């Protein structure tokens, strides 16, 4: 059938623990990436109701730092779907505990592929964008889903050229 983007929306707001802070009192980029993928993998399975796997991560720019005085929240939902794969948009917002001042520290698209119990890609519902914002994000996702093939190709190129 077909599912609304909001059917797969996932929210997660966390505290900023010292473990994840580097020397400059800002999160390690990895912490954010690990979390983006995590919250997105949940969106992937909510939409597909299948056991998903992460195929790719779109480039990510860390627009602002997220410090200990901050608070991070992630939001994610599926916006674009292929036959077997789906693109999950992820939004990361930091919030000052005393000010309330929020600001988006990073965003990205994570691609997931639904698999059968025997590693066979499996059809996935279609997404249907409601909000005006969701429609814009879907347009962007459409364009990002086109370069996907070039990227993969470049990735396979670097691989073969490499030593283990």
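Residue numbers count along the first chain shown, from 1.
Looking at mean Cα B-factors across 141-149 and 6-14, the upper value is held by 141-149. Checked against the record, the higher mean CA B factor of 72-80 and 90-98 lies with 90-98. When the C-alpha B-factors of 52, 55, 66, 40 are ranked from the entry, the top spot goes to 52. Taking only the listed residues 111, 45, 119, 34, the entry reports the highest CA temperature factor at 119. In the PDB entry, a CA B factor belonging to the lowest third of its chain's modelled residues is recorded for residue 107. Annotation for residue 154: CA B-factor lies in the highest third of the chain's modelled residues.
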